[PDB]
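One structure below.
Lettering follows sequence order; numbering is per chain, from 1. Below, all heavy atoms of this structure are taken into account, side chains as well, without hydrogens, waters or symmetry copies.
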Amino acid sequence: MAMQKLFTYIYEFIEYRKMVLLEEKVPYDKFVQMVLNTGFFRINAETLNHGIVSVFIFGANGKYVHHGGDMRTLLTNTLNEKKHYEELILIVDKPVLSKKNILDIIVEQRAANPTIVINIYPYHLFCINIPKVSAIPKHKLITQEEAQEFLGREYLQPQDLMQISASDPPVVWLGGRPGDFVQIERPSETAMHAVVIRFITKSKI
Amino acid sequence: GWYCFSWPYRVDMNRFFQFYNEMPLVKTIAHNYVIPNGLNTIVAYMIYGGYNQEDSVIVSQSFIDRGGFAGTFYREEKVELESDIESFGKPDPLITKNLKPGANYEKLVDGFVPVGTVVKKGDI
Amino acid sequence: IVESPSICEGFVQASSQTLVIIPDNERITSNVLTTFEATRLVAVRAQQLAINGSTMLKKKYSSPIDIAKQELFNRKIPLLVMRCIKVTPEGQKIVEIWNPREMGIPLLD
Amino acid sequence: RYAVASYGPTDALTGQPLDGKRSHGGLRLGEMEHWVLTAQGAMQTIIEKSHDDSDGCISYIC
Amino acid sequence: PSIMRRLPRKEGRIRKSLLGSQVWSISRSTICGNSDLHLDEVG
Amino acid sequence: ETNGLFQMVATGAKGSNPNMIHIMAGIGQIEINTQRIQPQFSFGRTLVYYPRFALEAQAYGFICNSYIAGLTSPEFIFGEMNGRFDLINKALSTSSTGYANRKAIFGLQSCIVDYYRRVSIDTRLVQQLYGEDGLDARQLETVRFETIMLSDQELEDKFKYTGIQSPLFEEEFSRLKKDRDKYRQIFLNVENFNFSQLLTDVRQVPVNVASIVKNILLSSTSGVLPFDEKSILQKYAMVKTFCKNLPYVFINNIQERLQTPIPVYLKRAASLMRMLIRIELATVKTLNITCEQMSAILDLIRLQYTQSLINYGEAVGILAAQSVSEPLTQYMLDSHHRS
Amino acid sequence: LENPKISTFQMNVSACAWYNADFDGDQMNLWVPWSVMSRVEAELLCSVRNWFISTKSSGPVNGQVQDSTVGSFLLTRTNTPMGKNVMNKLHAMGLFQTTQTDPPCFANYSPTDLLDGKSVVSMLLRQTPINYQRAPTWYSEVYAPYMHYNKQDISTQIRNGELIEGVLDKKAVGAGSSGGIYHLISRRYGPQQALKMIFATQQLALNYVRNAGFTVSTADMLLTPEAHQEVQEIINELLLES
Amino acid sequence: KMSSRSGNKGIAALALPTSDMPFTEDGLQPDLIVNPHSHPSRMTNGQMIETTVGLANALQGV
Amino acid sequence: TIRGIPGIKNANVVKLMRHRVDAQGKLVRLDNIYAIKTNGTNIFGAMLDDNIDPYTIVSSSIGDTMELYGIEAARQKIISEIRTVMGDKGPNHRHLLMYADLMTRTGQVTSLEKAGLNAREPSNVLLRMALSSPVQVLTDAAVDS
Ligand SMILES: [Mg+2]
């Protein structure tokens, strides 16, 4: 029942990044009807810096995840709209992540749009509240100045720190971009807790 | 044990002939077909000073002196020649070359140490 | 165009470094000798005594090791601990210099 | 039992002692012994055994 | 016989000559119990 | 009182209870890979001595006899089947452990403690602090934390000092409660993402603060001290400052004098030691300790906390591979006790 | 070892825990440092006192094994088949004549005065006074229904080096026993002082058995005819349920 | 190295004179002294039964 | 699929004990708690069930925990899984921390095989030559300079 979990935790995810919803919510039945009829559902959110984040939830049996041409035209038509876009989130079924053609359209759109963050994610990333999962430590993005002060005290470069992918689920929920620093407060059975700082690297897809 | 009944006629390497062997007081059917190898040692199952811990044993020195588990151990020295080049004989310091330092060439008789003499480290 | 290799690259000899000593009031490493550092100090001093034999120790000992140990314990050892902190890409070698005659000694006697 | 010397027969290629009792060479401080000595921090013992007592030499590099 | 066969295995150059070593001034014998020796003493 | 075999077992010198049972009462069921003897002798027969589809328990490895009574031929064969595994698993526990030990060491050996107590591979951080506490494993003491299991009423009964009506002791206790809550919160979470890892009120710490106080109390010529308002307040100020300056154990005494800012990850490292000191040096527990004896206690705590730190330049990746690959020998020895 | 007939490397049995060794045919290497640098490093870093506490498990490695574990129990035991577990002054003095420590003072004792094993052990643990209170390995709920435990043996208590009550066995003196007597001595006085006490208490335990005796026989493994009938009634119930 | 027919091997650790070995009231003294702690974990009961049977075999002359 | 979740073969019932804070502040160990220990792993399949608490799903699979939760949870999973193998005469916790921190240093779970050494220390040819295959490693190092 991935759709039912998504319908709630995608809005929980929008809330967790401190984003303002633009379009009013619809019932879950209407969400399923739109996904089956259109082939996708769209959720638009407002960021503090007035950026727009658009989330596309694609059906597992939709056309956009099977034929690369439909995804290509959809992305091209959504990426030339009069909106202050900053990120498009394309939530597709896990098998779609292994479909090479879809990823090729994704990377082609990335190349054609250098200032827009394009990410494609599986369903399970938004079928739960990732930060509230017990096994996941407390992640927190830190500023560049604070990280530079830490590195200067430690005589370190950002390339010496432990590194974390930008597609890591807690980093995704934080909104971590490559080149950012994430401080992780994690439990310890030797000191009762510990703090590490990780350098965010490029997403795997 | 008696590793072979024809041991004196053999030149064997790393072979041990234990002099005294006993039939076990509690024998088995296997001893109708092979010679027993060992002795019926008197054993005390006790703590005596901590010298038999961790699978060690304490032995009677008198039992050792009387020949318990005593025997003769044999080694072999087979040396070959090069046809018409090499020969067996006692070398001479004033002709031969690269003699081993600190070696005792004085025990040789016609190239071989005679039977019955005690050879120690460094003896030729 | 990427042309033939030039003499500006192909250098095998690394450029020389400048030893940058952290001021004593900005040192971050511990003021206590590690067991490794104390062992190394005693070993070096004992070998150098086996070479020279000149010491300022008042007591008399029959071994270089004993003299070195008593020099370390009595804070009379003529050695310094240099803790190499970093090597900067611009050439510097940032180190900390520690005087073992005013550090805490872990060893016992 | 075995105990050898400060010196003896040496391999022509590696320059290290020969193998064991029968060749009158040395005994082996193997891969796992260097792990233990490194774990202990005993680096001057590694110099004494693996360099002074085995094949340590001087290499000249421009 | 080849140059590159000297390297690979346990008996090769890297594992036998470089990571391990034949050494001098060393002894070996069977070990034995002795209750009069301290824990930091060897007979 | 007289049986030597029983005394070797009951005192822990050598042997176990199943050893006595096997010798004296009965061996019981031979069980290989947590199951009975499978029929490998022609489709439903375990041996030539038992029929096909035999239903008796003896046909599948149940040994009814003890060693002192002797086993029959089928029982000895089933016992030899079980005993052959012990020899096979012993020979495998050398090679299988050797393969895993060498791969663990070549993956971990480059990890070395640097001058910051971090673990790195030549520049690159593996740990921000070794063991997340920066201590040597040979310098640890197993110590119980008193406040963990107590309820809110018996926490305030035992650790809230009511002798002086000051706001200082209101926060001296409130700091005790929120250390108790933080310990519960963190270690109940660890219970959550494990199978059977229960919370404990017992930690391995570098300094046994409770035994330091007990030792000095014994050697003190004083008895029960009279009530002294200024001395009780002074000791609280001494302990609070000591807990404030505790992370300077990880830097040096030069920065402690200068009071330079402490890294956040070093404040976390001294969390258990800060927590333990506030329990064992609570005002209710230090009524019979003078302000001069408190300085002796505080000087001993940070001297033992300095002696337990990990050395610069220690090959801790080799230490970890040795400590993890060695229990794999016993894991391989018990291979036939697992499914 | 000045005897020319000895060809073995001899060591104390309590040192075997460092090397996972025993005396069934194991061979060990031995090299003596000759250079000053390696000979300094052997003393300060690689001395076996530096690994009394395991780096793997953070607990003690050494202790009593197999003769001083049962010997400590017999020495510290409250009662003996001969009555009370006491010894006269001469035999109490004889327990300390091998420990290689400074002998205690027995001047306040007549030849006919009787000393128990707890007094003799206390004379040794006074030099490194520790505090210990745990139940010994001797007490087990498994044996309690079928054995009459002595109430002075099932609670080992040491305060300031005086063994107040209880027996010493694997729990207190055994090798690898976390929180044991030698683990506590190491944490308070150093791992080298703990090694001295492992040796000194091993000589007390072995010198007690020097005339107490300890053996195992075949009759120790033999059930009585009435008990053999009870065991096969138990097995017959298992085969009945099967 | 010595061993019994039950597989309990051992290394000769100490050699005592005939006046230092323990003796029974009737003068019997052992040739080997083996630890009782080698039995309980190995369950070599055939070695203990052999001693019990062989003790009466010697006196009975059988 | 008929009446189940994919990937799990057997689902037994186990009794487990957990701690909990009472209303009076006391911490009590509760032994009467029933859970389900499955045979087979599917975190996402169990995450979609309404009879399972999705926030406290404990998988024994490092690969599945890394896939859904991340590198930090996978680090905690390597620690938990090595400790299970180690038994109870196991090493100190700081030796399990060393394994997990090494294996998760790059943001991905790397192995203690030749492939894992390549990911963490690619330019250390001499370390990498010494492990398994000098000729292949040396050949690659020369062409790569
Ligand atoms: Mg052996």
(Q) Which residue is it: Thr78(G), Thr76(G), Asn85(G)? I am looking for the one with a side-chain hydrogen bond (donor to acceptor under 3.5 Å, both in side chains) to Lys118(G). (A)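 Single pass found, and it is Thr78(G).
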Is any side-chain heavy atom of [X] closer than 4.5 Å to a side-chain heavy atom of [Y]?
| X | Y | value |
| --- | --- | --- |
| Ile154(G) | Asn150(G) | no |
| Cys291(F) | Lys235(F) | yes |
| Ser186(G) | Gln193(G) | no |
| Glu141(F) | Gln204(F) | no |

Q: Report the C-alpha distance between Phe242(F) and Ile301(F) in whole Å, list the side-chain angles of each, state the deciding distance to 0.1 Å, and finish with yes or no for side-chain contact (heavy atoms from CB on, under 4.5 Å).
A: CA-CA 10 Å; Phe242(F) 185 83; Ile301(F) 289 168; 3.9 Å; yes
**Q.** N/O donor-acceptor pair under 3.5 Å between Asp157(F) side chain and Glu154(F) backbone
**A.**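 No; zero donor-acceptor contacts below 3.5 Å.
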Q: Before giving the answer on side-chain hydrogen bond (donor to acceptor under 3.5 Å, both in side chains), spell out for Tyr189(G) and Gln127(G) the whole-Å C-alpha distance, their side-chain angles and the decisive distance to 0.1 Å.
A: CA-CA 10 Å; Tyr189(G) 307 98; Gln127(G) 287 69 241; over 6 Å; no
Q. Between the side chains of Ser220(F) and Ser222(F), does any donor sit under 3.5 Å from an acceptor?
A.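 Short answer, no.
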Q: Check the side chains of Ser178(G) and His183(G) for a donor-acceptor pair under 3.5 angstrom, ignoring hydrogens and angles.
A: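 No, no side-chain donor-acceptor contact under 3.5 Å.
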Q) Which heavy atom in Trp51(G) sits nearest to a heavy atom in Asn62(G), and how many Å separate them? A)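 Heavy atoms only, the tightest pair is O-OD1, 4.4 Å.
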Q: Just say parallel, tilted or perpendicular for the rings of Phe199(G) and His38(E), cut-offs at 30° and 60°.
A: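 Rings of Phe199(G) and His38(E): parallel, as their planes differ by under 30°.
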